[PDB]
Amino acid sequence: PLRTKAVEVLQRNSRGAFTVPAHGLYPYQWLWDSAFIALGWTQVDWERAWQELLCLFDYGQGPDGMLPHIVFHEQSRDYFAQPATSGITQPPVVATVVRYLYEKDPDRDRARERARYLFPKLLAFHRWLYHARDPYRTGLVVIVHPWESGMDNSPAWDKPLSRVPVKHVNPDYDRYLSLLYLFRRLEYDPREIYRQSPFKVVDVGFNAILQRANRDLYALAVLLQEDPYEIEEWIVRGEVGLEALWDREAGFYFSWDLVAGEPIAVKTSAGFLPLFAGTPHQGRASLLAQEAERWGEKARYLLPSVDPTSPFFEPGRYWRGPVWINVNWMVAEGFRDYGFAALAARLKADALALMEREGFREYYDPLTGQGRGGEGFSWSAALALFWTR
């Protein structure tokens, strides 16, 4: 059965206080993955759920507040000296997860201590994001590397990647490396990099996840009687920003290319995420529902990472068509919030169906349902568990 196997995947991937994204990988912890995985652990051990995140912050956060998309522990970690880490970040879904753990932990004493310990660290991460990636206080942050979107080869990044002057067991990169070399040359000065990076994009997914996190960080601040001053500012500006990404003519949310100074006219699953942030009004959400329905007419399993009718659509190629469980989850949550129960139910049904038939894989072919990528993929198992709690 799904749940028992899911728990087996997590234990197997467990390395003390953190969980590796998939089987066969080195003992490295990932920011985005660990957040989703924590939700999974709530169905097994709450202390272990909390430890996943404590480990991420304690061993991965620097004095500037940034949370690296990867912490190179190179070893197992005991429950709550400094390992190496990446120099970039990834989707900040963590605050949304921490709010859940805090509100649902049966042990109230533990919840208060863990939430109070993590709050300032969460504040620091959000602060870094805006100070470093939104210096002009627009309300929107930019990613300087396609990897930061957590959707590596999304077709939306194609053009942007083009201008760049030159995790998986199963065996572009030239340009991904160039950016890192540039960041190195600039000795990672936030001010300089934001100004010089040849790749600067306002990712709709990254920002929607961040706006939802801001909203949840605020709730956490009030419940713990912390000062919400800074969070309030991010929320108000963020509300204006995310909604600006809506393209009336195309009837969809697009990411923006600030280098070119234009919207990236490519419809991907990330464009549905503002539903998760809760910014659109009902009319806009229904246009999104209609679009998701359109996609369902060309794919068997719901929510391909890219419009099935898009010329960039490829059924089994990472983020260029395949179905992802974490995205199905966030989008379903959002549709439910706007009253599209049936659409939300379909997303969950397809997600559970895929994992039941193929097991816990990284992504799935939307036309055949074939599993792809890593095996025993952690947040597919974690979300299977959290999904059916």
# chains A, B, ... in the order shown; residues from 1 in each chain; ligands from 1
>>> closest_atom_pairs(of="region 226-335 of chain A", to="region 146-164 of chain A", cutoff="8 Å", atoms="only C-alpha atoms", output="JSON lines")
{"residue": "A:255", "atom": "CA", "partner": "A:156", "partner_atom": "CA", "distance": 7.5}
{"residue": "A:257", "atom": "CA", "partner": "A:160", "partner_atom": "CA", "distance": 6.8}
{"residue": "A:259", "atom": "CA", "partner": "A:160", "partner_atom": "CA", "distance": 7.8}
{"residue": "A:260", "atom": "CA", "partner": "A:160", "partner_atom": "CA", "distance": 8.0}
{"residue": "A:264", "atom": "CA", "partner": "A:156", "partner_atom": "CA", "distance": 6.3}
{"residue": "A:265", "atom": "CA", "partner": "A:156", "partner_atom": "CA", "distance": 7.7}
{"residue": "A:266", "atom": "CA", "partner": "A:156", "partner_atom": "CA", "distance": 5.5}
{"residue": "A:267", "atom": "CA", "partner": "A:156", "partner_atom": "CA", "distance": 7.7}
{"residue": "A:268", "atom": "CA", "partner": "A:156", "partner_atom": "CA", "distance": 7.5}
{"residue": "A:306", "atom": "CA", "partner": "A:155", "partner_atom": "CA", "distance": 7.9}
{"residue": "A:312", "atom": "CA", "partner": "A:155", "partner_atom": "CA", "distance": 6.5}
{"residue": "A:318", "atom": "CA", "partner": "A:153", "partner_atom": "CA", "distance": 7.1}
{"residue": "A:319", "atom": "CA", "partner": "A:154", "partner_atom": "CA", "distance": 5.1}
{"residue": "A:320", "atom": "CA", "partner": "A:154", "partner_atom": "CA", "distance": 5.6}
>>> write_last_selection(atoms="N, CA and C atoms", output="PDB file, in the first residue's frame")
ATOM      1  N   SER A 255       6.413  34.254 -16.614  1.00  0.00           N
ATOM      2  CA  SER A 255       7.593  34.726 -15.905  1.00  0.00           C
ATOM      3  C   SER A 255       8.098  35.875 -16.771  1.00  0.00           C
ATOM      4  N   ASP A 257      11.421  38.256 -18.272  1.00  0.00           N
ATOM      5  CA  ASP A 257      12.852  38.293 -18.564  1.00  0.00           C
ATOM      6  C   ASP A 257      13.290  39.744 -18.428  1.00  0.00           C
ATOM      7  N   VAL A 259      16.314  40.893 -18.405  1.00  0.00           N
ATOM      8  CA  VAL A 259      17.466  41.209 -19.240  1.00  0.00           C
ATOM      9  C   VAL A 259      16.890  41.748 -20.549  1.00  0.00           C
ATOM     10  N   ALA A 260      15.938  41.010 -21.114  1.00  0.00           N
ATOM     11  CA  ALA A 260      15.293  41.424 -22.353  1.00  0.00           C
ATOM     12  C   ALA A 260      14.240  42.498 -22.070  1.00  0.00           C
ATOM     13  N   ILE A 264       7.913  36.309 -20.705  1.00  0.00           N
ATOM     14  CA  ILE A 264       8.308  35.091 -21.407  1.00  0.00           C
ATOM     15  C   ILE A 264       6.992  34.398 -21.756  1.00  0.00           C
ATOM     16  N   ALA A 265       6.579  34.522 -23.013  1.00  0.00           N
ATOM     17  CA  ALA A 265       5.312  33.950 -23.464  1.00  0.00           C
ATOM     18  C   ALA A 265       5.302  32.430 -23.597  1.00  0.00           C
ATOM     19  N   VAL A 266       5.519  31.741 -22.480  1.00  0.00           N
ATOM     20  CA  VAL A 266       5.532  30.278 -22.455  1.00  0.00           C
ATOM     21  C   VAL A 266       4.697  29.817 -21.272  1.00  0.00           C
ATOM     22  N   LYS A 267       3.626  29.083 -21.558  1.00  0.00           N
ATOM     23  CA  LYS A 267       2.735  28.597 -20.513  1.00  0.00           C
ATOM     24  C   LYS A 267       3.215  27.284 -19.906  1.00  0.00           C
ATOM     25  N   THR A 268       3.619  27.338 -18.640  1.00  0.00           N
ATOM     26  CA  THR A 268       4.088  26.152 -17.930  1.00  0.00           C
ATOM     27  C   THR A 268       3.229  25.995 -16.687  1.00  0.00           C
ATOM     28  N   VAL A 306       4.208  21.585 -18.919  1.00  0.00           N
ATOM     29  CA  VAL A 306       4.117  22.534 -20.021  1.00  0.00           C
ATOM     30  C   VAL A 306       2.890  22.205 -20.865  1.00  0.00           C
ATOM     31  N   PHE A 312       7.237  23.053 -27.442  1.00  0.00           N
ATOM     32  CA  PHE A 312       8.344  22.634 -26.581  1.00  0.00           C
ATOM     33  C   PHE A 312       7.953  21.406 -25.760  1.00  0.00           C
ATOM     34  N   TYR A 318      12.025  15.701 -18.126  1.00  0.00           N
ATOM     35  CA  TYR A 318      12.148  16.547 -16.940  1.00  0.00           C
ATOM     36  C   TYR A 318      11.011  17.566 -16.776  1.00  0.00           C
ATOM     37  N   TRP A 319      11.331  18.856 -16.877  1.00  0.00           N
ATOM     38  CA  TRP A 319      10.324  19.910 -16.724  1.00  0.00           C
ATOM     39  C   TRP A 319       9.787  20.451 -18.040  1.00  0.00           C
ATOM     40  N   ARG A 320       9.827  19.651 -19.096  1.00  0.00           N
ATOM     41  CA  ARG A 320       9.340  20.135 -20.379  1.00  0.00           C
ATOM     42  C   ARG A 320       8.074  19.416 -20.842  1.00  0.00           C
TER      43      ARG A 320
END
>>> residues_around(residues="residue 353 (chain A)", least_positions_apart="2", cutoff="12 Å", atoms="only C-alpha atoms", output="MDAnalysis selection string")
chainID A and resid 2 300:302 325 345:351 355:360 364 366 369:371 384
>>> write_last_selection(atoms="N, CA, C and O atoms", output="short mmCIF file (atom, residue, chain, number, x, y, z; two decimals), in the first residue's frame")
data_model
loop_
_atom_site.label_atom_id
_atom_site.label_comp_id
_atom_site.auth_asym_id
_atom_site.auth_seq_id
_atom_site.Cartn_x
_atom_site.Cartn_y
_atom_site.Cartn_z
N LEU A 2 0.37 2.29 -0.71
CA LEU A 2 1.07 3.57 -0.86
C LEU A 2 1.74 4.12 0.40
O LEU A 2 2.96 4.34 0.41
N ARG A 300 -3.39 12.43 -20.60
CA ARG A 300 -4.20 11.53 -19.78
C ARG A 300 -4.14 11.92 -18.32
O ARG A 300 -5.17 12.01 -17.65
N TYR A 301 -2.93 12.14 -17.82
CA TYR A 301 -2.75 12.52 -16.42
C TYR A 301 -2.59 14.02 -16.33
O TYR A 301 -1.79 14.64 -17.05
N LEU A 302 -3.35 14.61 -15.41
CA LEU A 302 -3.36 16.04 -15.25
C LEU A 302 -2.16 16.77 -14.69
O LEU A 302 -1.47 16.33 -13.76
N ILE A 325 4.63 15.54 -8.88
CA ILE A 325 3.73 15.43 -7.74
C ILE A 325 3.64 16.67 -6.86
O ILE A 325 2.55 17.05 -6.43
N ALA A 345 -9.74 17.68 -7.12
CA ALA A 345 -9.86 16.24 -6.88
C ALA A 345 -9.18 15.44 -7.99
O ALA A 345 -8.56 14.42 -7.73
N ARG A 346 -9.31 15.92 -9.23
CA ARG A 346 -8.68 15.25 -10.36
C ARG A 346 -7.16 15.26 -10.21
O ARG A 346 -6.50 14.24 -10.41
N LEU A 347 -6.61 16.41 -9.86
CA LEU A 347 -5.16 16.54 -9.68
C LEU A 347 -4.65 15.54 -8.65
O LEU A 347 -3.59 14.94 -8.82
N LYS A 348 -5.41 15.37 -7.57
CA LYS A 348 -5.03 14.44 -6.52
C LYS A 348 -5.20 13.00 -7.02
O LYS A 348 -4.31 12.17 -6.83
N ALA A 349 -6.32 12.73 -7.67
CA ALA A 349 -6.58 11.39 -8.20
C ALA A 349 -5.47 10.95 -9.16
O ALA A 349 -4.95 9.85 -9.04
N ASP A 350 -5.11 11.82 -10.10
CA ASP A 350 -4.04 11.48 -11.05
C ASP A 350 -2.72 11.26 -10.32
O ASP A 350 -1.98 10.33 -10.65
N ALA A 351 -2.43 12.10 -9.34
CA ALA A 351 -1.19 11.99 -8.57
C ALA A 351 -1.11 10.64 -7.85
O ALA A 351 -0.11 9.93 -7.96
N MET A 355 1.41 7.23 -8.66
CA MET A 355 2.28 6.63 -7.65
C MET A 355 1.88 5.20 -7.30
O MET A 355 2.72 4.38 -6.94
N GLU A 356 0.59 4.90 -7.40
CA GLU A 356 0.09 3.56 -7.12
C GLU A 356 0.60 2.60 -8.18
O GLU A 356 1.08 1.52 -7.87
N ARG A 357 0.51 3.02 -9.44
CA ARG A 357 0.94 2.20 -10.57
C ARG A 357 2.46 2.12 -10.76
O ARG A 357 3.02 1.03 -10.92
N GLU A 358 3.12 3.28 -10.74
CA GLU A 358 4.55 3.37 -10.98
C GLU A 358 5.45 3.48 -9.75
O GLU A 358 6.67 3.34 -9.86
N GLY A 359 4.87 3.74 -8.59
CA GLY A 359 5.69 3.91 -7.41
C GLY A 359 6.11 5.36 -7.31
O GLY A 359 5.65 6.21 -8.07
N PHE A 360 7.01 5.66 -6.38
CA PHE A 360 7.46 7.03 -6.15
C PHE A 360 8.61 7.45 -7.06
O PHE A 360 9.78 7.21 -6.76
N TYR A 364 6.38 12.00 -14.16
CA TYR A 364 5.69 10.99 -14.95
C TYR A 364 5.25 11.47 -16.34
O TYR A 364 4.91 12.64 -16.53
N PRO A 366 2.80 12.23 -18.98
CA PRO A 366 1.37 12.57 -18.94
C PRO A 366 0.50 11.83 -19.95
O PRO A 366 -0.73 11.81 -19.83
N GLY A 369 1.74 7.68 -18.58
CA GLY A 369 1.79 7.48 -17.15
C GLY A 369 3.07 6.82 -16.67
O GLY A 369 3.20 6.52 -15.48
N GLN A 370 4.01 6.59 -17.58
CA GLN A 370 5.28 5.96 -17.22
C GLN A 370 6.07 6.80 -16.21
O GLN A 370 6.11 8.02 -16.31
N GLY A 371 6.69 6.12 -15.25
CA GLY A 371 7.49 6.81 -14.25
C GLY A 371 8.83 7.16 -14.87
O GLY A 371 9.31 6.46 -15.77
N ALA A 384 2.67 11.82 -0.87
CA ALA A 384 1.69 10.75 -0.95
C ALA A 384 1.14 10.61 0.47
O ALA A 384 -0.07 10.51 0.67
#
>>> residues_around(residues="residue 138 (chain A)", least_positions_apart="5", cutoff="12 Å", atoms="only C-alpha atoms", output="list in words")
residues 130, 131, 133, 202, 207, 233, 234, 235, 236, 237, 238, 239, 240, 241, 242 and 244 of chain A
>>> write_last_selection(atoms="N, CA, C and O atoms", output="mmCIF file, in the first residue's frame")
data_model
loop_
_atom_site.group_PDB
_atom_site.id
_atom_site.type_symbol
_atom_site.label_atom_id
_atom_site.label_comp_id
_atom_site.auth_asym_id
_atom_site.auth_seq_id
_atom_site.Cartn_x
_atom_site.Cartn_y
_atom_site.Cartn_z
ATOM 1 N N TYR A 130 14.537 39.381 -0.560
ATOM 2 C CA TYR A 130 14.142 40.694 -1.048
ATOM 3 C C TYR A 130 15.284 41.700 -1.154
ATOM 4 O O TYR A 130 15.384 42.418 -2.151
ATOM 5 N N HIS A 131 16.152 41.751 -0.146
ATOM 6 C CA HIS A 131 17.276 42.683 -0.181
ATOM 7 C C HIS A 131 18.246 42.350 -1.320
ATOM 8 O O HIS A 131 18.746 43.241 -2.003
ATOM 9 N N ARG A 133 17.535 40.017 -4.029
ATOM 10 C CA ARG A 133 16.912 39.799 -5.333
ATOM 11 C C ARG A 133 15.835 40.786 -5.771
ATOM 12 O O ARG A 133 15.264 40.644 -6.854
ATOM 13 N N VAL A 202 12.186 36.999 -13.471
ATOM 14 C CA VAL A 202 11.167 37.063 -12.438
ATOM 15 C C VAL A 202 10.361 35.785 -12.674
ATOM 16 O O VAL A 202 9.513 35.723 -13.566
ATOM 17 N N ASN A 207 8.111 33.274 -7.198
ATOM 18 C CA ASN A 207 7.410 34.372 -6.540
ATOM 19 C C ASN A 207 6.065 34.007 -5.917
ATOM 20 O O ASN A 207 5.695 34.546 -4.873
ATOM 21 N N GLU A 233 5.161 44.500 4.697
ATOM 22 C CA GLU A 233 5.643 45.207 3.518
ATOM 23 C C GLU A 233 5.802 44.260 2.336
ATOM 24 O O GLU A 233 5.434 44.594 1.219
ATOM 25 N N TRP A 234 6.376 43.087 2.577
ATOM 26 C CA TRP A 234 6.574 42.124 1.494
ATOM 27 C C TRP A 234 5.237 41.635 0.926
ATOM 28 O O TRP A 234 5.093 41.423 -0.284
ATOM 29 N N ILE A 235 4.260 41.454 1.805
ATOM 30 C CA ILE A 235 2.949 40.985 1.383
ATOM 31 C C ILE A 235 2.259 42.000 0.477
ATOM 32 O O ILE A 235 1.835 41.672 -0.636
ATOM 33 N N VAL A 236 2.168 43.240 0.944
ATOM 34 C CA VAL A 236 1.519 44.295 0.171
ATOM 35 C C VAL A 236 2.174 44.492 -1.193
ATOM 36 O O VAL A 236 1.485 44.541 -2.211
ATOM 37 N N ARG A 237 3.500 44.599 -1.224
ATOM 38 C CA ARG A 237 4.190 44.780 -2.498
ATOM 39 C C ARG A 237 4.103 43.513 -3.343
ATOM 40 O O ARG A 237 3.941 43.572 -4.564
ATOM 41 N N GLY A 238 4.213 42.363 -2.688
ATOM 42 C CA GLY A 238 4.150 41.109 -3.409
ATOM 43 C C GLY A 238 2.819 40.873 -4.095
ATOM 44 O O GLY A 238 2.772 40.255 -5.153
ATOM 45 N N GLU A 239 1.742 41.373 -3.495
ATOM 46 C CA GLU A 239 0.394 41.218 -4.034
ATOM 47 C C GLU A 239 0.312 41.960 -5.369
ATOM 48 O O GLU A 239 -0.239 41.460 -6.348
ATOM 49 N N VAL A 240 0.874 43.162 -5.397
ATOM 50 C CA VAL A 240 0.886 43.971 -6.606
ATOM 51 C C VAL A 240 1.747 43.298 -7.670
ATOM 52 O O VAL A 240 1.384 43.240 -8.847
ATOM 53 N N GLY A 241 2.894 42.781 -7.240
ATOM 54 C CA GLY A 241 3.816 42.148 -8.165
ATOM 55 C C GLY A 241 3.345 40.884 -8.854
ATOM 56 O O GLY A 241 3.374 40.789 -10.081
ATOM 57 N N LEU A 242 2.920 39.897 -8.077
ATOM 58 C CA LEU A 242 2.478 38.639 -8.665
ATOM 59 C C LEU A 242 1.329 38.849 -9.660
ATOM 60 O O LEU A 242 1.316 38.257 -10.746
ATOM 61 N N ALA A 244 0.756 41.403 -11.449
ATOM 62 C CA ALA A 244 1.231 42.100 -12.645
ATOM 63 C C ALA A 244 1.692 41.093 -13.704
ATOM 64 O O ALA A 244 1.719 41.403 -14.894
#
>>> select_by_dssp(residues="region 4-171 of chain A", states="helix (DSSP H, G or I)", output="MDAnalysis selection string")
chainID A and resid 4:13 31:41 46:60 94:104 108:133 146:149 155:162
>>> residues_around(residues="residue 41 (chain A)", least_positions_apart="4", cutoff="9 Å", atoms="only C-alpha atoms", output="PyMOL selection string")
chain A and resi 7+10+37+45-50+52+382+385-386
>>> write_last_selection(atoms="N, CA, C and O atoms", output="tab-separated table (two decimals), in the first residue's frame")
chain	number	residue	atom	x	y	z
A	7	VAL	N	6.52	5.52	3.62
A	7	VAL	CA	7.30	5.60	4.85
A	7	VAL	C	8.62	4.86	4.67
A	7	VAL	O	9.65	5.28	5.19
A	10	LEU	N	11.16	7.09	2.82
A	10	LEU	CA	11.72	8.13	3.67
A	10	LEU	C	12.78	7.60	4.61
A	10	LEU	O	13.86	8.18	4.74
A	37	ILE	N	9.45	17.13	2.17
A	37	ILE	CA	9.69	15.89	2.90
A	37	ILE	C	9.26	16.02	4.37
A	37	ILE	O	8.76	15.06	4.96
A	45	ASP	N	6.76	10.72	12.43
A	45	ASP	CA	7.35	11.17	13.68
A	45	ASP	C	7.47	12.70	13.63
A	45	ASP	O	8.21	13.24	12.81
A	46	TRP	N	6.73	13.39	14.49
A	46	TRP	CA	6.77	14.85	14.50
A	46	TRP	C	8.14	15.42	14.82
A	46	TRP	O	8.55	16.42	14.22
A	47	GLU	N	8.86	14.80	15.74
A	47	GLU	CA	10.19	15.30	16.09
A	47	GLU	C	11.07	15.19	14.85
A	47	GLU	O	11.85	16.10	14.56
A	48	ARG	N	10.95	14.09	14.12
A	48	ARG	CA	11.73	13.89	12.91
A	48	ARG	C	11.31	14.91	11.86
A	48	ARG	O	12.12	15.37	11.05
A	49	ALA	N	10.03	15.28	11.88
A	49	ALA	CA	9.54	16.27	10.94
A	49	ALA	C	10.27	17.59	11.22
A	49	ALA	O	10.83	18.20	10.31
A	50	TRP	N	10.27	18.01	12.48
A	50	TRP	CA	10.94	19.25	12.87
A	50	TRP	C	12.44	19.22	12.60
A	50	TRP	O	13.01	20.21	12.14
A	52	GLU	N	14.15	17.74	10.32
A	52	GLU	CA	14.46	17.91	8.90
A	52	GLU	C	14.76	19.37	8.61
A	52	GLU	O	15.74	19.70	7.93
A	382	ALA	N	6.63	11.58	0.34
A	382	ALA	CA	6.23	12.47	1.42
A	382	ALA	C	4.86	13.08	1.15
A	382	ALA	O	4.01	13.15	2.05
A	385	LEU	N	2.04	10.63	1.44
A	385	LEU	CA	1.68	10.51	2.86
A	385	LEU	C	0.87	11.70	3.35
A	385	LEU	O	-0.21	11.54	3.93
A	386	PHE	N	1.38	12.91	3.13
A	386	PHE	CA	0.70	14.12	3.57
A	386	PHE	C	-0.65	14.29	2.87
A	386	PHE	O	-1.63	14.71	3.48
>>> closest_residue(among="A:126, A:121, A:137, A:114", to="residue 93 (chain A)", atoms="only C-alpha atoms")
A:126
>>> residues_around(residues="region 101-106 of chain A", least_positions_apart="6", cutoff="12 Å", atoms="only C-alpha atoms", output="PyMOL selection string")
chain A and resi 35-36+38-43+45-53+94-95+112-119+216-217+219-221+223-224+386
>>> closest_atom_pairs(of="region 175-251 of chain A", to="region 80-87 of chain A", cutoff="9 Å", atoms="only C-alpha atoms", output="Markdown table")
| residue | atom | partner | partner_atom | distance |
| --- | --- | --- | --- | --- |
| A:180 | CA | A:87 | CA | 8.3 |
| A:183 | CA | A:87 | CA | 8.4 |
| A:188 | CA | A:87 | CA | 7.7 |
>>> write_last_selection(atoms="C-alpha atoms", output="short mmCIF file (atom, residue, chain, number, x, y, z; two decimals), in the first residue's frame")
data_model
loop_
_atom_site.label_atom_id
_atom_site.label_comp_id
_atom_site.auth_asym_id
_atom_site.auth_seq_id
_atom_site.Cartn_x
_atom_site.Cartn_y
_atom_site.Cartn_z
CA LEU A 180 28.45 30.02 -11.54
CA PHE A 183 29.17 34.53 -9.54
CA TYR A 188 29.16 36.44 -4.78
#
>>> residues_around(residues="residue 92 (chain A)", least_positions_apart="4", cutoff="10 Å", atoms="only C-alpha atoms", output="list in words")
residues 31, 32, 35, 67, 69, 96, 97, 122, 125, 126, 129, 149, 206, 207, 208, 209, 210, 211, 212, 213 and 214 of chain A
>>> residues_around(residues="residue 169 (chain A)", least_positions_apart="4", cutoff="9 Å", atoms="only C-alpha atoms", output="list in words")
residues 22, 23, 24, 25, 373, 374 and 375 of chain A
>>> write_last_selection(atoms="N, CA and C atoms", output="PDB file, in the first residue's frame")
ATOM      1  N   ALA A  22      16.426  11.382  -3.239  1.00  0.00           N
ATOM      2  CA  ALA A  22      16.142  10.105  -3.887  1.00  0.00           C
ATOM      3  C   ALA A  22      17.160   9.026  -3.526  1.00  0.00           C
ATOM      4  N   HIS A  23      16.846   7.784  -3.884  1.00  0.00           N
ATOM      5  CA  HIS A  23      17.747   6.686  -3.586  1.00  0.00           C
ATOM      6  C   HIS A  23      18.986   6.738  -4.453  1.00  0.00           C
ATOM      7  N   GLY A  24      20.117   6.316  -3.893  1.00  0.00           N
ATOM      8  CA  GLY A  24      21.366   6.303  -4.638  1.00  0.00           C
ATOM      9  C   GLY A  24      22.183   7.583  -4.624  1.00  0.00           C
ATOM     10  N   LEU A  25      21.615   8.661  -4.094  1.00  0.00           N
ATOM     11  CA  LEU A  25      22.313   9.939  -4.054  1.00  0.00           C
ATOM     12  C   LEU A  25      23.268  10.086  -2.872  1.00  0.00           C
ATOM     13  N   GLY A 373      12.872   9.517 -14.209  1.00  0.00           N
ATOM     14  CA  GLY A 373      13.827  10.101 -13.283  1.00  0.00           C
ATOM     15  C   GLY A 373      14.185   9.253 -12.080  1.00  0.00           C
ATOM     16  N   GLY A 374      14.614   9.918 -11.012  1.00  0.00           N
ATOM     17  CA  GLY A 374      15.003   9.215  -9.806  1.00  0.00           C
ATOM     18  C   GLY A 374      13.982   8.215  -9.302  1.00  0.00           C
ATOM     19  N   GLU A 375      14.470   7.229  -8.553  1.00  0.00           N
ATOM     20  CA  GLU A 375      13.627   6.194  -7.965  1.00  0.00           C
ATOM     21  C   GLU A 375      13.524   6.471  -6.476  1.00  0.00           C
TER      22      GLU A 375
END
>>> closest_residue(among="A:284, A:201, A:277, A:187", to="residue 261 (chain A)", atoms="only C-alpha atoms")
A:201
>>> select_by_dssp(residues="region 128-282 of chain A", states="strand (DSSP E)", output="list in words")
residues 201, 202, 246, 247, 252, 253, 256, 257, 262 and 263 of chain A
>>> write_last_selection(atoms="C-alpha atoms", output="mmCIF file, in the first residue's frame")
data_model
loop_
_atom_site.group_PDB
_atom_site.id
_atom_site.type_symbol
_atom_site.label_atom_id
_atom_site.label_comp_id
_atom_site.auth_asym_id
_atom_site.auth_seq_id
_atom_site.Cartn_x
_atom_site.Cartn_y
_atom_site.Cartn_z
ATOM 1 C CA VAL A 201 14.306 36.368 -14.436
ATOM 2 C CA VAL A 202 11.167 37.063 -12.438
ATOM 3 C CA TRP A 246 -0.945 38.055 -15.570
ATOM 4 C CA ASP A 247 -1.182 38.318 -19.353
ATOM 5 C CA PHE A 252 -2.165 33.060 -18.195
ATOM 6 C CA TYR A 253 0.612 34.039 -15.753
ATOM 7 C CA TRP A 256 9.413 37.914 -16.958
ATOM 8 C CA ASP A 257 12.852 38.293 -18.564
ATOM 9 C CA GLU A 262 9.761 41.403 -21.664
ATOM 10 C CA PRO A 263 7.343 38.682 -20.545
#
>>> closest_residue(among="A:60, A:278, A:304, A:21", to="residue 316 (chain A)", atoms="only C-alpha atoms")
A:304
